[PDB]
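**Q** First, the structure itself, so that you have it in front of you.
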Amino acid sequence: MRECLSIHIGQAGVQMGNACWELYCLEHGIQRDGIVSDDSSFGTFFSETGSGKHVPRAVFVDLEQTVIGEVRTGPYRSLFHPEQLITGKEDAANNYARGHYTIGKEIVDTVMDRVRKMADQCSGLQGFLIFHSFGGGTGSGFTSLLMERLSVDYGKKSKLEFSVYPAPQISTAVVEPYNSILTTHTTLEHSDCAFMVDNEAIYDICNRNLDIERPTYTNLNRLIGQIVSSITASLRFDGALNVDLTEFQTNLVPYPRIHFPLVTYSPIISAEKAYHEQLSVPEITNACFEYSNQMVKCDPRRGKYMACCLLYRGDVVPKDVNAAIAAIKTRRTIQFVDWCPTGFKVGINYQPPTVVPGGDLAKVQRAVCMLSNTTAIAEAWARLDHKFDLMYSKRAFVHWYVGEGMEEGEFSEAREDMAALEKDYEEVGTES
Amino acid sequence: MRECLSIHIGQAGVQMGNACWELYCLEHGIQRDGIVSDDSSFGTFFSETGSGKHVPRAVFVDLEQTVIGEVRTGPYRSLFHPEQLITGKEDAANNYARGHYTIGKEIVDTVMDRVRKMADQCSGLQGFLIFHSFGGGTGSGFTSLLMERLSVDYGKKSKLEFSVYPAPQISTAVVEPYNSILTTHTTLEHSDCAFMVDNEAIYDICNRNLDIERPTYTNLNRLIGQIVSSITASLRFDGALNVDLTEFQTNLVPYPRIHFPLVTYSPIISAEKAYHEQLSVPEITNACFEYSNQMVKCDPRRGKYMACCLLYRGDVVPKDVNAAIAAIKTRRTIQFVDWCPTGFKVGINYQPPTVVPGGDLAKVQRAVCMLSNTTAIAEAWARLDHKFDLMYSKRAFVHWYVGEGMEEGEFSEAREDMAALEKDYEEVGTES
Amino acid sequence: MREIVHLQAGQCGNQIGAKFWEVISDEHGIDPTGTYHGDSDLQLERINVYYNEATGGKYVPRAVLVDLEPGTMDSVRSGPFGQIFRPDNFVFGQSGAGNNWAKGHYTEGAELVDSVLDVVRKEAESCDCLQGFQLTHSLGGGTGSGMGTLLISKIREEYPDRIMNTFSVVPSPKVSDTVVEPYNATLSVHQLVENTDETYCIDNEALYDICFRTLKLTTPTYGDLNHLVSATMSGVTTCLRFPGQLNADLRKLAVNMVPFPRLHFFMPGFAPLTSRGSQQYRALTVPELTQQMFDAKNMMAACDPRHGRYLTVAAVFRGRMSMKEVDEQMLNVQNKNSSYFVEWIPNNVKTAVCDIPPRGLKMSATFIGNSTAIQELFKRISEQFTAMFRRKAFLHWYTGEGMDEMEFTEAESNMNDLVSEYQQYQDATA
Amino acid sequence: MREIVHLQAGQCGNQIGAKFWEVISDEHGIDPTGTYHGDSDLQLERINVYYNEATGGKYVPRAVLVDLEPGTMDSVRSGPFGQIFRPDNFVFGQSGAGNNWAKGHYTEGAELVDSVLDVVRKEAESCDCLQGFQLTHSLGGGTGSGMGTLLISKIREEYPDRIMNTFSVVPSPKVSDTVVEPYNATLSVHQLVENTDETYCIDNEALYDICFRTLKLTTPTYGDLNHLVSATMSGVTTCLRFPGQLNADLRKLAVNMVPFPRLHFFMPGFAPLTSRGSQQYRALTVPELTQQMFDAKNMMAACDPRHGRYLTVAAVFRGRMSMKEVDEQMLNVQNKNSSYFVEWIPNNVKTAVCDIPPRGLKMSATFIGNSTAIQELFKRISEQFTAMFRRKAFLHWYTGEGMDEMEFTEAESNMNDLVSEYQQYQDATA
Ligand SMILES: Nc1nc2c(ncn2[C@@H]2O[C@H](COP(=O)(O)OP(=O)(O)OP(=O)(O)O)[C@@H](O)[C@H]2O)c(=O)[nH]1
Ligand SMILES: Nc1nc2c(ncn2[C@@H]2O[C@H](COP(=O)(O)OP(=O)(O)OP(=O)(O)O)[C@@H](O)[C@H]2O)c(=O)[nH]1
Ligand SMILES: Nc1nc2c(ncn2[C@@H]2O[C@H](COP(=O)(O)OP(=O)(O)O)[C@@H](O)[C@H]2O)c(=O)[nH]1
Ligand SMILES: Nc1nc2c(ncn2[C@@H]2O[C@H](COP(=O)(O)OP(=O)(O)O)[C@@H](O)[C@H]2O)c(=O)[nH]1
Ligand SMILES: [Mg+2]
Ligand SMILES: [Mg+2]
């Protein structure tokens with residue numbers, strides 16, 4: 001498949017990006033200096049300079065120099081194009097209004113210029129990849145600007161985004177409920193399907209599945225990088241049942257306003273513990289449908305699955321996949337909504353996951369990534385909305401947003417839009 | 001035959017398990033590190049990793065880290081799957097209520113999850129093996145939980161359990177009469193046939209038959225391991241008159257509430273004393289029906305035999321077995337209940353017992369294990385019940401059980417259930 | 001892992017504590033400076049039971065030392081193992097108690113109790129699974145009696161589910177050390193008779209006898225009696241720290257030893273106890289230890305066990321052992337001492353074995369006995385409290401501190417009930 | 001790059017400033033002569049945050065030192081880091097204030113304020129992106145209170161968009177240092193309650209307690225308390241200068257900490273704070289730091305936090321760290337301290353982590369708390385201002401300088417509104 005474009009906005013997105021491109025360079029054998037030295041389809045994410053060099057096709061953006069400064073001084077400094085590392089002067093300070101109205105407006109024009117140049121060199125553009133934090137100043141306000149600009153300027157193209165959905169129990173900021181809803185209202189229409197991941201859920205995986213007692217954001221991004229790699233494996237390798245970028249939205253978006261699938265990955269085992277498990281297709285296939293293995297704290301058993309995409313990767317046999325999927329569908333504890341008799345979208349690629357040196361993930365020749373648009377996320381939305389209205393009833397932090405060029409009316413409109421989204425899940429969750 | 005599952009609960013069961021799996025590894029030539037290096041039917045008790053390694057199909061469970069910690073630090077540490085060694089935080093403290101209501105409930109869910117995964121890899125499951133102490137906190141309270149869970153979740157499958165029946169004279173704990181009856185009431189319905197063994201009886205064998213003056217629990221487990229090995233010899237080797245796992249309950253359970261056979265083994269001779277005995281089939285066959293050789297202190301002559309299973313092992317000749325059995329049936333001192341004209345269930349396997357290095361048992365090419373459901377155990381039940389009512393008449397230790405979530409009514413109900421069991425033996429012990 | 005926090009109050013409390021960590025540290029090979037020098041990995045496998053590890057190759061024993069005057073604690077700091085404890089755990093007052101239960105409970109100790117519980121709470125929070133508490137004190141003492149009971153009530157209220165052990169020195173019958181012991185003991189028993197799960201009664205009179213004849217020690221001192229006491233206290237928790245064929249933790253002993261909630265007073269024992277001259281002429285084997293531990297002369301309690309009966313006995317062995325021998329001797333004791341055990345309890349022995357023995361011995365055993373003979377001990381105190389309180393011999397000191405005379409009579413009655421309940425169960429069904 | 005300009009006024013202002021650049025220069029490895037001697041390139045990557053580079057291998061801290069008498073500034077010149085500052089920034093008067101807010105604001109400071117702003121304007125023009133201002137002073141002081149408020153109003157008028165931090169020493173409740181503190185504080189709060197975005201209240205009484213018990217310092221001095229204060233002040237801007245997994249700048253803290261515009265008074269904290277003797281017996285890990293920072297005894301404010309509730313808490317960590325551990329402990333604090341946080345704010349913790357720790361420590365954390373307990377502090381001042389002003393105890397000094405008695409009553413009312421607004425939000429929706 002042809003080119004796919006990547007965008008990294010905010011500290012979470014930027015830090016995820018360097019982990020994602022660490023895998024991409026390792027998978028294609030590209031050195032950290034931008035020269036290939038160990039699969040010719042790497043042009044999907046890289047542009048050849050014409051002099052034995054490859055420039056990653058990403059646009060790292062932030063309103064502060066700190067996070068991008070690390071990239072400029074890191075090992076991958078020579079990799080990225082200098083102009084792609086667009087940076088501002090002052091951070092959004094966790095305020096949505098700043099990243100969307102005041103300071104975001106000053107730097108949005110420069111971002112589009114680079115994005116336009118990236119498109120000019122495209123013989124074919126499947127879509128965009130946008131990495132951001134669902135709750136945060138730059139990752140919620142500036143992303144909405146790009147979504148509006150990209151949709152109107154380009155349109156008719158897939159727009160995949162990865163979001164750090166706020167964990168129900170764990171939270172590292174105070175005004176996240178305000179920030180998450182504001183971006184959801186503005187990004188719901190211009191998005192195609194946003195993959196959601198929690199920090200708490202990955203921590204639990206790193207503690208139960210993996211034997212790591214000292215995890216860090218660096219570990220999480222490395223465990224999130226393979227999620228992105230598997231999703232784009234078809235565009236970069238060959239295998240039966242190829243899944244193009246645009247196929248994800250068609251299969252996983254029954255309705256335009258329900259495009260928030262969750263992410264699961266398997267196997268996830270340490271080097272020592274791998275010796276004691278066969279890791280056959282049924283084992284990993286069953287693991288993907290375990291509450292203990294999903295990367296979103298919402299309980300899958302609390303709702304019903306509407307659509308599921310199984311991107312099998314490695315030395316897998318299609319017959320085993322069909323038998324394994326049949327076993328899942330006959331389970332009574334698992335339940336799929338009646339109006340969708342067929343929910344599984346299988347994808348097989350002949351490229352086992354690459355081993356990241358120094359990582360906490362063991363070498364496996366057979367891995368699978370599951371994307372499931374499940375109604376269980378409706379409970380998470382209600383809890384997030386419950387936080388918002390409780391704060392907004394007293395104007396806990398509204399004055400900061402008001403002074404940054406955002407009218408108080410948007411809070412009411414945004415929550416009502418969220419309320420309708422809750423009703424939409426309720427409507428599709430029952431059948432006669 | 002296909003897979004059989006093993007469960008080890010409590011200190012007695014866990015310590016027995018490491019002895020049982022020492023024999024299993026030696027019999028099949030599996031090294032203590034989980035790699036075969038000296039009979040391909042070893043899959044009954046082992047699962048192949050697919051990379052030249054074998055994982056024993058057992059689930060070691062306890063509420064304390066001490067006993068399982070020894071296994072994790074022992075030579076067989078690399079053998080067992082790390083997740084199979086399920087352990088709690090605080091021991092049941094010899095209280096049935098703790099192991100069944102308070103602390104047992106917290107860890108029961110995790111145990112079932114592993115048990116479910118073991119079943120998923122089964123092309124055929126004959127039943128379960130549960131090792132526990134008939135009297136003890138974890139070995140009586142937690143086993144009842146598993147029996148209830150396994151029966152309802154799986155059902156329609158054999159459930160064999162080995163129990164350390166409290167010795168009449170020797171006793172290492174004070175509240176055993178309370179503990180033994182409570183588990184008997186809850187495990188009578190969900191069990192198929194529980195093999196019973198005493199510590200005093202094995203000590204007497206180690207002193208009279210063997211020439212060991214310094215026995216230990218380690219010696220007893222080694223002498224109990226061959227009991228389990230012989231019972232499962234048919235499932236792991238070939239020979240005339242194969243005895244499947246489900247055949248034991250059909251032959252040895254005339255009535256649903258009488259499934260408590262006792263265990264006997266022969267020959268049991270030291271290395272030096274073996275040179276002076278021929279050890280022909282009649283000699284070992286007659287030895288199995290000797291009060292001095294049975295592993296339960298109850299006198300066999302004090303009652304009548306109802307059913308008997310003779311699992312001959314080694315280079316035995318079927319003609320000799322038939323003649324030897326005929327000699328037993330014509331004895332007048334031995335008496336079988338009238339309503340069962342046929343009581344002997346013969347089983348022959350072509351695999352002599354393996355020699356355990358450093359053991360107190362001599363090498364014999366011809367061994368036999370006898371399982372006899374005899375009414376003589378009724379006397380033992382009455383003595384155990386006699387201890388219970390004497391204590392319960394004054395509430396000697398009831399307050400500990402009451403405060404651990406167990407109602408006082410269960411004591412009355414459990415004893416009445418035991419009283420009915422005594423009557424059941426009386427009813428089947430006479431004929432017109 | 002199962003974990004415990006040790007509390008020591010009063011002069012006897014701290015000194016026995018000091019001679020207790022001098023022995024626990026020896027078993028685990030912990031240097032006085034706190035660094036580990038043990039020769040076996042099996043010692044560190046369960047070090048966390050009594051110690052909270054501090055990064056840097058050192059371990060700190062989670063112990064709380066309480067004393068109203070600083071005299072006893074200052075000496076501990078100057079001891080060989082004084083620097084081992086965390087300085088913050090050393091909590092003390094300024095006005096020491098005048099051997100009056102009132103001052104150590106109501107007036108002086110009330111102000112310092114808040115400080116003590118805060119350290120205790122931090123130690124509990126430092127654990128992953130707290131199993132119980134241990135308190136060392138002396139009933140005749142004022143600080144221990146008064147402050148020990150106050151601490152027991154507070155921690156019990158705060159941690160009702162957790163166990164709590166008490167190794168209490170009990171007044172001797174013949175020679176005393178404080179005039180007003182009868183008042184302190186009765187007041188303290190009134191609190192321990194409902195707040196603690198198991199108590200171990202020790203008397204120096206009995207320990208003096210052991211040294212004189214059993215051990216032929218010409219010039220013993222409290223530096224020596226405490227060593228014997230520490231041996232038994234360490235033995236009770238051998239299972240929590242080292243492996244064995246038949247492990248018995250604190251709770252297991254409590255269930256096997258406490259038939260009724262109020263009858264949780266035991267008399268400890270130890271074996272072998274032989275002099276240096278007698279070491280040649282004795283064989284250290286199971287048959288000999290069993291006789292020594294059930295011998296009335298080896299008991300750490302003044303009351304003669306033969307004057308009563310055993311409700312429950314618990315034997316904790318250590319070292320290389322043979323289970324059948326252990327079973328045989330206990331059976332022999334059951335049959336030989338026919339009238340020494342109650343009929344309404346068919347089995348009276350709870351056996352425990354550990355692989356590792358203590359110090360240089362190749363075999364050890366610890367004796368715990370819930371014998372009915374201890375009624376003669378409270379009865380004697382019951383007579384010594386009545387004779388004094390009959391005419392208010394020393395009550396004007398307790399009254400001046402706030403205690404009302406009514407509390408005194410309730411404790412006497414609560415003491416008479418305990419003796420009556422012991423005599424009640426000494427009967428036979430037939 | 002984000003940049004800041006530091007202002008120090010009054011005796012407490014300058015001295016804390018002096019003990020602040022003695023620490024910022026240490027983190028960046030800046031020699032007292034101004035030349036860089038750091039061992040890591042990561043220190044110069046963000047040096048410009050506090051320093052304006054001067055060609056020649058030297059750096060000059062853009063700081064403005066204001067004082068009406070030259071006594072306090074003359075000592076700074078003679079200090080180890082006195083020659084580091086630009087001589088032109090040393091702006092001072094001749095007639096020092098007599099601890100009267102009027103003289104430092106209306107009469108004496110009015111003439112010198114023009115001079116101060118000119119240097120401030122040049123420093124701002126020397127920057128590429130000015131982020132905010134920092135002021136160090138003391139509310140009880142006259143120069144700081146009076147001149148500090150005058151400067152804050154002028155710079156706020158000149159730079160409304162920019163932030164401004166204030167580390168104000170607040171009068172202690174028990175022992176004071178100036179007789180007329182109630183007048184100075186109320187007048188100064190009347191200005192800071194509308195002009196500054198975040199203020200950090202510090203009291204020497206609380207700092208004295210920390211040294212006595214938390215740090216076991218027998219003879220502390222202001223050379224030591226200022227070091228503790230400088231640690232917190234440096235910690236607040238760790239993110240502007242060094243990288244981390246979760247960066248939080250001044251503005252990010254302000255939005256996460258200031259729910260309502262007038263409720264911008266915080267109580268700082270720091271951890272670990274252990275004596276030299278206690279260094280052996282403590283493990284420097286995340287679980288221990290979280291308890292210490294939320295401990296009422298580690299607070300740099302006299303008011304007990306437990307008497308109130310937390311609207312917002314911000315934790316700034318430093319050093320090698322584990323995110324999950326940080327998340328765990330904050331969750332435990334949220335659940336354990338159930339009633340210590342308001343219900344109308346589901347999330348109360350704002351976490352920040354930096355890679356580099358301070359000085360030789362391998363781990364540090366800074367605590368910022370917008371707790372409602374601070375109402376008891378203004379209430380006490382509210383009672384001490386009323387009692388004096390009730391009969392004009394010392395008003396004839398302020399009146400003589402031009403201040404009218406009407407301004408006094410408005411500030412009292414504006415102070416009562418602040419306490420009422422704090423009590424208003426201490427309520428619960430259900
Ligand atoms: N998984 C993961 N999440 C991160 C990482 N870094 C930050 N986050 C998340 O980002 C959320 C807050 O938004 P940030 O991305 O940190 O802030 P930002 O995007 O830089 O926008 P600003 O408000 O201007 O700082 C936190 O709740 C984190 O969960 C990371 O490295 N990995
Ligand atoms: N034959 C044999 N019996 C044992 C062994 N270990 C313990 N027992 C028996 O177990 C009985 C007591 O119950 P245990 O199994 O020890 O206790 P448990 O199963 O761990 O349950 P808890 O009360 O929670 O400790 C004793 O009377 C012993 O006879 C062993 O290794 N071999
Ligand atoms: N075993 C032992 N007992 C002691 C020691 N010192 C004091 N005692 C006992 O403590 C009792 C006196 O109580 P004490 O604790 O000194 O009073 P307190 O200071 O108010 O708690 C006496 O009966 C002694 O038997 C000691 O070092 N070892
Ligand atoms: N924390 C701290 N406070 C101080 C220090 N020096 C003075 N103060 C405080 O400053 C107050 C006096 O005001 P001051 O600033 O000296 O008057 P000014 O010179 O006119 O500004 C007193 O209440 C002290 O508490 C110091 O070194 N550290
Ligand atoms: Mg940022
Ligand atoms: Mg146990």
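Residue numbering restarts at 1 for every chain of the structure tokens, chains are lettered A, B, ... in their displayed order, and ligands are numbered from 1 as they appear.
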Could you pull out the residues in stretch 308-408 of chain D that DSSP calls strand (DSSP E or B) from the backbone, as a list in words?

**A** residues 310, 311, 312, 313, 314, 315, 316, 317, 318, 341, 349, 350, 351, 352, 353, 354, 364, 365, 366, 367, 368, 369, 370 and 371 of chain D

**Q** Would you kindly return, as a short mmCIF file (atom, residue, chain, number, x, y, z; two decimals) with C-alpha atoms, in the first residue's frame, each protein, DNA or RNA residue with an atom no farther than 12 Å from any atom of residue C:116, considering only C-alpha atoms and excluding same-chain residues fewer than 2 positions away?

**A**
```cif
data_model
loop_
_atom_site.label_atom_id
_atom_site.label_comp_id
_atom_site.auth_asym_id
_atom_site.auth_seq_id
_atom_site.Cartn_x
_atom_site.Cartn_y
_atom_site.Cartn_z
CA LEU C 7 6.65 -3.90 71.41
CA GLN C 8 8.66 -3.66 74.64
CA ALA C 9 7.55 -1.58 77.63
CA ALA C 63 10.51 -2.65 67.15
CA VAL C 64 8.92 -0.03 69.40
CA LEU C 65 10.56 0.66 72.76
CA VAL C 66 8.35 2.46 75.29
CA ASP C 67 9.43 3.63 78.73
CA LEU C 68 8.30 6.53 80.90
CA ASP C 88 12.72 7.29 65.88
CA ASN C 89 11.22 4.16 67.49
CA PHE C 90 12.82 5.08 70.84
CA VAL C 91 9.85 6.87 72.43
CA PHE C 92 10.07 7.80 76.10
CA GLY C 93 8.73 10.21 78.69
CA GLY C 109 1.11 7.17 79.82
CA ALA C 110 -2.00 8.80 78.36
CA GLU C 111 0.07 11.69 76.99
CA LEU C 112 2.72 9.45 75.39
CA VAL C 113 0.38 6.77 74.00
CA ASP C 114 -0.49 8.91 70.97
CA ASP C 118 2.03 6.68 65.39
CA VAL C 119 5.27 4.70 65.14
CA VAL C 120 3.25 1.49 65.39
CA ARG C 121 1.00 2.65 62.55
CA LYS C 122 4.02 3.42 60.36
CA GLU C 123 5.49 -0.03 61.05
CA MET C 147 1.31 1.27 79.63
CA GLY C 148 1.25 -2.24 78.16
CA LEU C 150 -3.16 0.84 77.30
CA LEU C 151 -1.24 -0.06 74.14
CA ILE C 152 -2.93 -3.46 73.83
CA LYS C 154 -5.58 0.73 71.40
CA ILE C 155 -3.95 -1.61 68.88
#
```

**Q** Given a cut-off of 7 Å, what residues near ligand 1 show up using only C-alpha atoms and all ligand atoms, put as a ChimeraX atom specification?

**A** /A:9-13,15-16,63,91-95,132-133,135-139,164,166,171-173,199,217-218,220-221 /D:245-248

**Q** Using only C-alpha atoms and a cut-off of 6 Å, which residues of chain D sit close to chain A? Please list them as a ChimeraX atom specification.

**A** /D:251-252,256,259,322-323,344-345,347-348,350-351

**Q** I need the chain B residues near chain A as JSON, numbers by chain; criterion: at most 12 Å, counting only C-alpha atoms.

**A** {"B": [33, 34, 35, 46, 47, 48, 49, 50, 51, 52, 53, 54, 55, 56, 57, 77, 78, 79, 80, 81, 82, 83, 84, 110, 113, 116, 117, 118, 119, 120, 121]}

**Q** Just to be explicit: take each residue in the selection above, keep N, CA and C atoms, and write the result as an mmCIF file, in the first residue's frame.

**A**
```cif
data_model
loop_
_atom_site.group_PDB
_atom_site.id
_atom_site.type_symbol
_atom_site.label_atom_id
_atom_site.label_comp_id
_atom_site.auth_asym_id
_atom_site.auth_seq_id
_atom_site.Cartn_x
_atom_site.Cartn_y
_atom_site.Cartn_z
ATOM 1 N N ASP B 33 14.681 -30.492 35.202
ATOM 2 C CA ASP B 33 14.580 -29.171 34.597
ATOM 3 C C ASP B 33 13.481 -29.084 33.544
ATOM 4 N N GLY B 34 12.720 -30.154 33.336
ATOM 5 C CA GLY B 34 11.622 -30.133 32.391
ATOM 6 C C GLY B 34 11.977 -30.511 30.972
ATOM 7 N N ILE B 35 13.103 -31.187 30.757
ATOM 8 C CA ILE B 35 13.537 -31.614 29.433
ATOM 9 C C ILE B 35 13.707 -33.126 29.450
ATOM 10 N N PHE B 46 1.718 -34.381 31.363
ATOM 11 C CA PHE B 46 2.625 -33.325 30.943
ATOM 12 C C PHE B 46 2.127 -32.685 29.655
ATOM 13 N N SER B 47 2.400 -31.391 29.519
ATOM 14 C CA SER B 47 2.089 -30.629 28.318
ATOM 15 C C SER B 47 3.390 -30.179 27.668
ATOM 16 N N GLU B 48 3.532 -30.461 26.376
ATOM 17 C CA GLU B 48 4.763 -30.130 25.672
ATOM 18 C C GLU B 48 4.765 -28.659 25.273
ATOM 19 N N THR B 49 5.836 -27.952 25.640
ATOM 20 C CA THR B 49 5.966 -26.543 25.289
ATOM 21 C C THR B 49 6.091 -26.328 23.787
ATOM 22 N N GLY B 50 6.540 -27.335 23.044
ATOM 23 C CA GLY B 50 6.832 -27.183 21.637
ATOM 24 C C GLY B 50 8.260 -26.793 21.329
ATOM 25 N N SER B 51 9.099 -26.617 22.347
ATOM 26 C CA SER B 51 10.505 -26.260 22.188
ATOM 27 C C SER B 51 11.374 -27.161 23.054
ATOM 28 N N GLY B 52 11.078 -28.455 23.034
ATOM 29 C CA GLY B 52 11.842 -29.414 23.813
ATOM 30 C C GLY B 52 11.722 -29.230 25.310
ATOM 31 N N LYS B 53 10.516 -28.957 25.804
ATOM 32 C CA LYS B 53 10.286 -28.802 27.233
ATOM 33 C C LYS B 53 8.901 -29.332 27.566
ATOM 34 N N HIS B 54 8.745 -29.801 28.802
ATOM 35 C CA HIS B 54 7.489 -30.365 29.278
ATOM 36 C C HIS B 54 7.092 -29.681 30.575
ATOM 37 N N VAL B 55 5.840 -29.251 30.650
ATOM 38 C CA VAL B 55 5.285 -28.575 31.818
ATOM 39 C C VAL B 55 4.334 -29.546 32.511
ATOM 40 N N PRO B 56 4.582 -29.927 33.764
ATOM 41 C CA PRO B 56 3.644 -30.825 34.445
ATOM 42 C C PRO B 56 2.271 -30.188 34.567
ATOM 43 N N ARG B 57 1.240 -31.020 34.433
ATOM 44 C CA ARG B 57 -0.144 -30.549 34.447
ATOM 45 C C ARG B 57 -0.700 -30.648 35.868
ATOM 46 N N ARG B 77 12.147 -26.434 40.520
ATOM 47 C CA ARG B 77 11.664 -25.066 40.359
ATOM 48 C C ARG B 77 11.398 -24.744 38.895
ATOM 49 N N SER B 78 12.324 -25.120 38.009
ATOM 50 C CA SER B 78 12.150 -24.846 36.589
ATOM 51 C C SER B 78 11.112 -25.755 35.945
ATOM 52 N N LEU B 79 10.681 -26.808 36.641
ATOM 53 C CA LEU B 79 9.736 -27.754 36.057
ATOM 54 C C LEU B 79 8.339 -27.151 35.961
ATOM 55 N N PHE B 80 7.780 -26.734 37.094
ATOM 56 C CA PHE B 80 6.401 -26.272 37.127
ATOM 57 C C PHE B 80 6.253 -24.911 36.454
ATOM 58 N N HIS B 81 5.062 -24.671 35.920
ATOM 59 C CA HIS B 81 4.733 -23.361 35.373
ATOM 60 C C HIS B 81 4.685 -22.340 36.507
ATOM 61 N N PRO B 82 5.298 -21.161 36.351
ATOM 62 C CA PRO B 82 5.304 -20.200 37.466
ATOM 63 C C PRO B 82 3.918 -19.837 37.968
ATOM 64 N N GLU B 83 2.937 -19.700 37.076
ATOM 65 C CA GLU B 83 1.593 -19.319 37.489
ATOM 66 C C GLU B 83 0.844 -20.455 38.172
ATOM 67 N N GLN B 84 1.260 -21.704 37.959
ATOM 68 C CA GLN B 84 0.597 -22.823 38.618
ATOM 69 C C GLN B 84 0.821 -22.799 40.124
ATOM 70 N N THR B 110 -8.701 -17.349 41.354
ATOM 71 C CA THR B 110 -7.467 -17.502 40.592
ATOM 72 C C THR B 110 -7.188 -18.968 40.288
ATOM 73 N N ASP B 113 -9.222 -20.181 37.317
ATOM 74 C CA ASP B 113 -8.749 -19.650 36.043
ATOM 75 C C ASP B 113 -7.662 -20.539 35.450
ATOM 76 N N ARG B 116 -9.190 -23.810 34.355
ATOM 77 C CA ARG B 116 -9.882 -23.673 33.079
ATOM 78 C C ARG B 116 -8.903 -23.731 31.914
ATOM 79 N N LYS B 117 -7.754 -23.064 32.045
ATOM 80 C CA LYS B 117 -6.775 -23.068 30.964
ATOM 81 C C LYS B 117 -6.210 -24.465 30.737
ATOM 82 N N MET B 118 -6.018 -25.231 31.813
ATOM 83 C CA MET B 118 -5.540 -26.601 31.659
ATOM 84 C C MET B 118 -6.540 -27.440 30.875
ATOM 85 N N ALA B 119 -7.837 -27.236 31.121
ATOM 86 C CA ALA B 119 -8.854 -27.974 30.383
ATOM 87 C C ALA B 119 -8.890 -27.570 28.915
ATOM 88 N N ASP B 120 -8.596 -26.304 28.611
ATOM 89 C CA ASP B 120 -8.671 -25.838 27.230
ATOM 90 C C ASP B 120 -7.709 -26.598 26.326
ATOM 91 N N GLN B 121 -6.575 -27.040 26.862
ATOM 92 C CA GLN B 121 -5.581 -27.778 26.095
ATOM 93 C C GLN B 121 -5.807 -29.284 26.137
#
```

**Q** Kindly provide, as a PyMOL selection string, the residues of chain C having any atom no farther than 12 Å from an atom of chain D, counting only C-alpha atoms.

**A** chain C and resi 33-35+51-62+83-89+118+122-123+125-127

**Q** List every residue of stretch 147-268 of chain A that DSSP, applied to the backbone of this structure, assigns to alpha helix (DSSP H), and report them as number ranges by chain.

**A** A: 147-153, 176-187, 199-208, 217-231, 245-252

**Q** Mind checking which residues fall within 9 Å of stretch 296-311 of chain A, counting only C-alpha atoms, ignoring those fewer than 3 positions away in the same chain, and posting them as a PyMOL selection string?

**A** chain A and resi 165+167-168+196-202+230-231+233+243+248+251-254+261-264+285+289-293+333-340+342-349+367-380+429

**Q** Any idea what's packed within 10 Å of residue D:141, counting only C-alpha atoms, ignoring anything in its chain fewer than 5 positions away? Could you give it as a PyMOL selection string?

**A** chain D and resi 9-13+97-101+104+146-148+169-171+177-178+180-181+184-185+188

**Q** Using only C-alpha atoms and all ligand atoms, pick whichever of D:430, D:303, D:387, D:250 has the shortest atom-to-atom distance to ligand 5.

**A**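 Of D:430, D:303, D:387, D:250, the one nearest ligand 5 is D:250, counting only C-alpha atoms and all ligand atoms.
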